[PDB]
Amino acid sequence: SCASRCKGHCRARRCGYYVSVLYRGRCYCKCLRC
């Protein structure tokens, strides 16, 4: 679960918003509201 791992990374960085998308075997993650 790429998005699940990215979601924990944003929470670990003290963030309330995060984005996650998997396409063509690529992971697009983002963290905001920190």
# chains A, B, ... in the order shown; residues from 1 in each chain; ligands from 1

$ residues_around --residues "residue A:7" --least-positions-apart "6" --cutoff "12 Å" --atoms "only C-alpha atoms" --output "PyMOL selection string"
chain A and resi 1+13-21+28-32

$ write_last_selection --atoms "C-alpha atoms" --output "short mmCIF file (atom, residue, chain, number, x, y, z; two decimals), in the first residue's frame"
data_model
loop_
_atom_site.label_atom_id
_atom_site.label_comp_id
_atom_site.auth_asym_id
_atom_site.auth_seq_id
_atom_site.Cartn_x
_atom_site.Cartn_y
_atom_site.Cartn_z
CA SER A 1 0.00 0.00 0.00
CA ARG A 13 5.85 15.03 9.84
CA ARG A 14 2.91 16.64 11.76
CA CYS A 15 0.73 17.25 8.67
CA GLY A 16 -3.09 17.22 8.37
CA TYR A 17 -3.25 16.84 4.55
CA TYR A 18 -1.58 14.37 2.15
CA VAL A 19 -2.04 13.15 -1.45
CA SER A 20 -1.31 9.67 -2.86
CA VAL A 21 -1.82 8.16 -6.36
CA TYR A 28 2.71 10.02 -6.52
CA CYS A 29 2.72 11.07 -2.84
CA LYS A 30 2.47 14.54 -1.25
CA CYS A 31 2.24 16.05 2.28
CA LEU A 32 0.75 19.47 3.21
#

$ select_by_dssp --residues "chain A" --states "alpha helix (DSSP H)" --output "number ranges by chain"
A: 2-12

$ select_by_dssp --residues "chain A" --states "strand (DSSP E)" --output "list in words"
residues 17, 18, 19, 20, 21, 22, 23, 26, 27, 28, 29, 30, 31 and 32 of chain A
